[PDB]
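Peer 1: This one's experimental. Sequence and coordinates below.
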Amino acid sequence: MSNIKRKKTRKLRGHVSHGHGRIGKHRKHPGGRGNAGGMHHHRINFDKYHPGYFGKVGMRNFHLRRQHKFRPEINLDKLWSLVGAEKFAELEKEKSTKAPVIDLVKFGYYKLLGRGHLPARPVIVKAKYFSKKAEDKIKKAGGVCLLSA
Amino acid sequence: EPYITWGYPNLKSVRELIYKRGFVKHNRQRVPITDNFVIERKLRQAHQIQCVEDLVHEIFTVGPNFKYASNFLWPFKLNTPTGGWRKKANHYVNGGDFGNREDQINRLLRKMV
Amino acid sequence: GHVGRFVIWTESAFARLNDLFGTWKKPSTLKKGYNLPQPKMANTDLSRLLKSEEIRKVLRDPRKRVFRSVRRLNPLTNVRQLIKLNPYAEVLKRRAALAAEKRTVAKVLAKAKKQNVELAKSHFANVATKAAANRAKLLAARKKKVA
Amino acid sequence: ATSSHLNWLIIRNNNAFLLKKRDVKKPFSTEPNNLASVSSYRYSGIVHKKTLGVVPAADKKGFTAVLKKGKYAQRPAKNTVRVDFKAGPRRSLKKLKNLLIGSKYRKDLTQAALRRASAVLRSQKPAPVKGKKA
Amino acid sequence: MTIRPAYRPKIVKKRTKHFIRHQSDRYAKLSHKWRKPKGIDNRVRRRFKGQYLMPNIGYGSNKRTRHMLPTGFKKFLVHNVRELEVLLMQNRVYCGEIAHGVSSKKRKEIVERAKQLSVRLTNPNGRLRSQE
Amino acid sequence: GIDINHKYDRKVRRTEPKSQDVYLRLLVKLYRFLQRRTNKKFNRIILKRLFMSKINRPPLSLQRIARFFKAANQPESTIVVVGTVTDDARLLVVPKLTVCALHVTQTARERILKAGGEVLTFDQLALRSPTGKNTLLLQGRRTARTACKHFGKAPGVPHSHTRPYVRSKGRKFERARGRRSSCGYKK
RNA sequence: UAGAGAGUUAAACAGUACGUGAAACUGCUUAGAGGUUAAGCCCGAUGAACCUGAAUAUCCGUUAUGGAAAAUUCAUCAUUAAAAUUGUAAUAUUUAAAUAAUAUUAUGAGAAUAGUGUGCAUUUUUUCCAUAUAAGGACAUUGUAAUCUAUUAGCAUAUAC
RNA sequence: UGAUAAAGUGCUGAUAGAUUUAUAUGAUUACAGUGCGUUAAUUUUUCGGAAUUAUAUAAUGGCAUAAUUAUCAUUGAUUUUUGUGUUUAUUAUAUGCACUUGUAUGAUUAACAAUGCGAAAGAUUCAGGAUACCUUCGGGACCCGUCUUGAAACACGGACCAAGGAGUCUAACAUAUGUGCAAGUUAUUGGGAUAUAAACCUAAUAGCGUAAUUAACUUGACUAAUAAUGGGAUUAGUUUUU
RNA sequence: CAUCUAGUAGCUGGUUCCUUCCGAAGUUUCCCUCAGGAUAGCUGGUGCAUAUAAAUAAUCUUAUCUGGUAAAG
RNA sequence: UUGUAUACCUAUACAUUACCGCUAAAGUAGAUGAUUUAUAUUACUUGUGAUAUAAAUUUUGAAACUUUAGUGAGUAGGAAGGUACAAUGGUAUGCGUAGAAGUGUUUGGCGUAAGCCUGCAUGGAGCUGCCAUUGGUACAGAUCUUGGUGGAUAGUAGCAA
């Protein structure tokens, strides 16, 4: 499926050594096998390029459950793309007929973070968890966050 | 010094090297002479050189655009002397070649041009 | 892997190509979400485009003479390449060759004072004609002082 | 999809008529309306209607029966005769190469057709010329 | 003879001989066809005097007369009769050579049709059967 | 003997796309004609960028194109992207824009068109602006790639911050000796 | 055993190394040569053998004349019947206003195709051949003479210091 | 007296070479020369002949000052920008029309002449050819692969032939390039629909990405609805714009 | 004897087509490291940013700082 | 031998030129009555321009043509393009008992080269060019593997308890 016509086995026919030198030509494992020895003769290669290899920074969680730190998040940055496409500007008549009741647990999201630059319209967001700046820019525009599961 | 000889050219040696051997540099390429338009098209708006005798003037009498009059040229790809050389690895004043010949650069350019 | 098979449709297999693949305004009905691929070029006739009077009124010129133009002649054994590159070579090349032709006449005259034969055409056409064309510059001192 | 410059790049290296011929780098192509069999750009099959084909005969060994340009007024979806319009000069060599340079008031492929016609007439010249050779 | 090319040039060949593989005379297992020697000491490869020469590209033929036969023409293999008619317009620049596996029955049409179109063939009178 | 001709004697630009797309090489046919016959460096940028790879023609957002178009005295120019133009859902009101791009994304196509302005191809641009007048020539940010953050790692220097290659995230994954002052040292 | 002659077969160079029948290695034939790194080799030639390629008409002109044939839309034209092109116009379609492009109609000028006729050649039109100028001219291989580049050698017409 | 230098000074005799498909997609371009050309004097060999002098304008020298500028040494000498006449010399422009076998042929190689006819099937003439050789001769020329600072090596391998004979597949990642879509993306475990281990359609998930950090607990990216990193610098481009 | 087993080898040996272009290294640090790595240097490939100055960059002159070797004692 | 003099000889160096490549730069893409060029009528300048009638060149594998310059050492190594082998998908209105593959060869060639085409001779039923995609893809070496063979040597090896 791969070429070989473009591979270099086909260009080294027939030059003697096949890419590898007269002198210290291709032998089986001349530094060892795999990640060994990372503290001895491959020391420099493991720091640089991999610092933080060899040690132990700690707290052993026997049986992590990744269904505990789940929390899908969403910035204020988007947040208006969730409500449909033409209500974007159909409310900026100007006519404040609408704070959109958004429920993020029906959109798969659990926290509302706040990176934002949000517009001046009210919303009614219903996330599980809060960012503090999220609830400080939605209150600044006449909105809520209904603290709901 | 030991890889070079130099000396002080005549007017006749300035002419014969630009007439017979003088090539010129046109947008990094080497272009022979064959007319005055190869010299004029590159040195008349900036400098005031249009002829060949212009280029012979501000090289021989070393003029204010000598920097351009001699970097316009290519290096003069000279022949080999007729009768050849003297030693090539002694000074001229030892028994002959490298360094300042000083007026005998003329006689050697007759052999090479 | 090659395009252009001869394909025969029927008509109810030609009605359904607007459902399978989409349309250029709407998406498809049967390939849910498929839009037709957009080309990188709508007009695509490079022959109409290269004519084309929006493009043609802004182009430069084809300026046309092609410069083959090589051989370097030697202007020390040529004269027609020396008098092309340096006019005023011609002026002194004439001014010394005319004086060299005048040194000849003063020599063959002053030698032949021991023979002094002619004065006609054979070995003294290039001698005794110009020895008596100094009467043709007797006029220039005499008749030109009327100004 | 409409252009010939697009059409060519889809075929310029594989079509049924391309003849690669091992050394002189690309001169050949065998499609029935070429006039100088080369694969060039539009000395070619379909040009969408300046496909000029000078051919013999139909009555071999008569004359140069020219398959002409097929131009606009059918679609160019092709025949059961619909797209091709086929007119054939005869009678001479000098007075039908002028009534083929005259049927082509427009000049570009003309002189490929004035050399393909002048070589079809030569190709059936040995039935009158180059006799019994005593 | 037949239709000689288009005011023919005089072909200058850089060398006429071919290139012989090093030590191919010593062994009957070495063809003469050029292999570049890779060996670390090889006096051919290191281009010592007196040895067999190597093919560099200064030996390459003039670009005008590359692939021209001695008779002036480039070559065009012909495999059947319709392929010969491609040479209707190329007979000032091309030969025609009938493919070795074209039979005697069908080579007779090809040499026939190439006097009409005035194609100069390179192998006429081959696989005849010059009888009836 | 003369001196001395290593590199980059042979320049390592591109002179052609590496690309067997026929619609792309028809635009190279235009723009070699357009560059050679109108010697605008607009048309030489379009040609040279039409040769480029998928890196070196990064995407560009619908919100970065709407915001480069607050260029003053330019109410009528064309946005030229030799590259793609992606939709931005963080942009709530699309302005009235004229966009020339190789690929305009599909949802970027409707939000430009419902505003409504122009999506053009580079031959609808060669007719409207053969010299690139009324044009905003914009590209994407090249080194926004994730791959660029990994160039290149060797701790000791307070410049470094250069992203090691590592299979998972968490402790147990390259976070102790050399990352942490209570394990060896900090890098 | 077999050899030789027959014989079968399309063929025994298919007869049990039974398709093909390579190389190594040599018996015989044939052709040159042999004390000359041990041979073999490279380059440039060489004798012998063999092989390959190569004139299509004038100077200081794809000539004046003169002959010959034949289309019988052409012949110059006039007339007719068609088939498309190009450029106008219009309608229905796409892309709804123009724009474009596609069919379906019409229009004009100029061409081309087949038919008839001051005429079949009415002096023209197609198609062939001897007849002038400076030559067999063209071709290749030579010799000559002149030109230009790069180059070698040799003489001496005067000036200055 | 000699030496050095300069003047297409000039002349003589050689040698080797001569791209060039002038449109298998751009003028044979300009220069210059030669042919009919109102005159009138002054000479010339006396031949269709030949020379000279006489026309304006623009310079440039030589000369005679008067300025001026500025310097080796200054009794003077050199020098820059001038001026005007005195003057005596020299170049340039004022050659239009038609024609012709006179330069760059815009890497020019082009001519006169000799030899030889590409015969219906097949000779011959000229030039060329290590075709695989053989003959002859002069120059060159050690045996390859290999490890090596160094191999012809008294380093190892190889008597000769034919066939076989050594950088792959896979998992994972990286960079690069191709391609598709693009805040996405990827159906490929399955299920459908049938035409057949393919192709077609598709639910719900999931991976990777879009949000990180921290040992962990927490926490989580500025008032851009409008500032691409905010600001600055270096900045290709833009009817920008003067 | 058969299998595990094609056990492993920083070691010897071999590693199969042509032309074109560019062209090394025997040094650094570190390693139970000294017939070997990893590391940096040297190499190539692939680009990209800038083509009908006053951008800079590298051996001399100038200005300045530095030096304890030859010589000197 | 020391010190000199002229005149020669000798590189793959240097100069010029022809040719190959590589590098770097530049040109060219209205074909519809597009561009020219030579004549032939009129506006008019003296002359040029325009309409008209008299022959050609140009559909430049836009990956092509055209123009100009420089340049050339190479192990280990990298990279481009090219060539051999076998297949699969397309393709060539391909080839073939009127002789395919293979082999043999002083048949003639082409290619810088790997290699290719061709004639004849043997052979007897299959095979090739192109586009793509490939793979158990190219041998002189490995005291390589299998097989066959040569000298030594028809033997001073030897066949003598």
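Peer 2: Sure, I can see it. Numbers count the residues shown, from 1 in each chain, chains lettered A, B, ... in the order given.

Peer 1: so which strand or helix has residue C:141?
Peer 2: helix C:139-142 (DSSP states H and E).

Peer 1: Can you dump the C-alpha atoms of that helix in PDB for me?
Peer 2: Taking Å, rounded to 0.1, in the frame of the first residue of the first chain, the C-alpha atoms of helix C:139-142 are listed here in PDB:
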ATOM      1  CA  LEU C 139      44.600  79.500 -53.200                       C
ATOM      2  CA  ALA C 140      43.800  79.000 -49.500                       C
ATOM      3  CA  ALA C 141      46.300  81.700 -48.400                       C
ATOM      4  CA  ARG C 142      45.600  84.000 -51.400                       C
END
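
Peer 1: and that helix, how far out from the chain's middle?
Peer 2: Centroid separation between helix C:139-142 and its chain, computed with CA atoms, centre = their mean, to the nearest Å, is 50 Å.

Peer 1: Now look at it and say if it contacts RNA strand H.
Peer 2: Yes. Counting by CB under 7 Å from any atom of the strand, RNA strand H is contacted by helix C:139-142 at C:139, C:140. No exception for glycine: its C-beta is placed from N, CA and C like everyone else's.

Peer 1: Now do the buried residues in that helix.
Peer 2: The neighbour-count check on helix C:139-142 (16 or more other CB atoms under 10 Å in any protein chain shown) flags nothing as buried.

Peer 1: State the number of residues packed around the residue in chain A positioned nearest to chain D.
Peer 2: Chain D sits closest to residue A:5 of chain A, with a gap of 18.0 Å, by CB to the nearest CB. By other CB atoms under 10 Å in any protein chain shown, 7 other residues sit near residue A:5.

Peer 1: How far away from the center of its chain is the one helix or strand residue F:25 maps to?
Peer 2: Assessed by DSSP H and E, residue F:25 sits inside helix F:22-37. For helix F:22-37, the separation from the chain centroid amounts to 20 Å (computed by CA atoms, centre = their mean).

Peer 1: Quick one: residues in contact with it.
Peer 2: Helix F:22-37 is contacted from outside by C:39-41, C:44, C:46, C:49-50, C:55, C:59-60, D:3, D:5-6, D:9-10, F:16-17, F:19, F:43-44, F:46-47, F:50-51, F:102, F:122-123, F:126, F:130, using CB atoms under 8 Å, 6 or more residues apart in numbering or on different chains.

Peer 1: Restricted to helices, list the residues you listed.
Peer 2: C:46, C:49, D:5, D:6, D:9, D:10, F:43, F:44, F:46, F:47, F:50, F:126 (DSSP state H).

Peer 1: can you map out the helices along chain C?
Peer 2: Remark: helices assigned in chain C by DSSP H are C:17-20, C:46-49, C:82-85, C:89-111, C:125-131, C:139-142.

Peer 1: For chain A, which of those helices is the nearest?
Peer 2: Distance to chain A, taken as CB to the nearest CB, is lowest for helix C:17-20 among the helices of chain C, at 25.0 Å.

Peer 1: is any part of that closest one close to chain D?
Peer 2: No. Against chain D, helix C:17-20 shows no contacts by CB under 8 Å from any CB of the partner chain, the least distance being 14.6 Å.

Peer 1: Go ahead and name everything in contact with that helix.
Peer 2: Against helix C:17-20 from outside (CB under 8 Å, 6+ apart): C:28, C:29, C:30, C:31.

Peer 1: Nearest to chain E among those residues?
Peer 2: Minimum distance to chain E across the contacts of helix C:17-20 is 45.0 Å, recorded for residue C:31 (CB to the nearest CB).

Peer 1: residue contacts, that closest one?
Peer 2: C:20, C:21, C:22.

Peer 1: Buried members of these into ChimeraX, please.
Peer 2: Buried residues among those (16+ other CB under 10 Å), as a ChimeraX selection:
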select /C:21,22
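
Peer 1: so, if you compare the contacts of residue C:31, which one comes nearest to residue F:112?
Peer 2: residue C:22 (18.9 Å; CB to CB).

Peer 1: what's the spacing between residue F:77 and residue F:113?
Peer 2: To residue F:113, residue F:77 is 18 Å away according to CB to CB, to the nearest Å.

Peer 1: Who has more neighbours out of these two?
Peer 2: Neighbour count, other CB under 10 Å: between residue F:77 and residue F:113, residue F:77 has more, with 17 against 14.

Peer 1: And the residue lying closest to that one once chain neighbours are set aside, its phi and psi?
Peer 2: Leaving aside its sequence neighbours, residue F:77 sits nearest to residue F:134 (CB to CB, 6 or more residues apart in numbering or on different chains; 4.5 Å). The phi/psi pair for residue F:134 (degrees, to the nearest 10) reads phi 60, psi 50.

Peer 1: What separation is there between residue F:134 and residue F:45?
Peer 2: For residue F:134, the distance to residue F:45 - CB to CB - is 16 Å.

Peer 1: One more: residue D:40?
Peer 2: Distance of residue D:40 to residue F:45, given as CB to CB: 32 Å.

Peer 1: Equivalent analysis for residue A:90, please.
Peer 2: Using CB to CB, residue A:90 is found at 41 Å from residue F:45.
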